[PDB]
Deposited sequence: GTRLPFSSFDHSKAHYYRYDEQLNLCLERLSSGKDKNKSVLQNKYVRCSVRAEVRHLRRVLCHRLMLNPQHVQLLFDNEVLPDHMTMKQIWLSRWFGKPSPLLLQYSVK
């Protein structure tokens, strides 16, 4: 099929975003950090320079995919994956 490759049809994973010191997001396993930062900005009317996505107080790289975050930091743990974001 000519469009079976769209991200539309990828497996989905569930995230919870709490503010570093509450939102729930589902996306493709191939969605990258930069895309999720992209989404926060619109919701908060901010610019990427001022939104950072973190896990265990480490900023995650923009090109890492949700599935790599999950398997390196969340394997064996139930949904959803808990991530932090900060505003600076």
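* **Non-modelled portions of the deposited polymer sequence, in sequence order** => Absent from the structure are positions 1 to 10, 32 to 42.
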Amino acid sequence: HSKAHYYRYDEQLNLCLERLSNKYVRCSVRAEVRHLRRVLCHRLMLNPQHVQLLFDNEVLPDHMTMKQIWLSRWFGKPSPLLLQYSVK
From here on, numbers count along this sequence of modelled residues.
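* **Mean temperature factor over C-alpha atoms, higher-scoring stretch between 40 to 48 and 24 to 32** => Stretch with the higher mean C-alpha B-factor: 40 to 48.
* Asked: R73: which third of its chain by C-alpha temperature factor?
  -> Lowest third.
* CA B-factor ranking of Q84, expressed as a third of its chain -> CA B-factor rank for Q84: lowest third.
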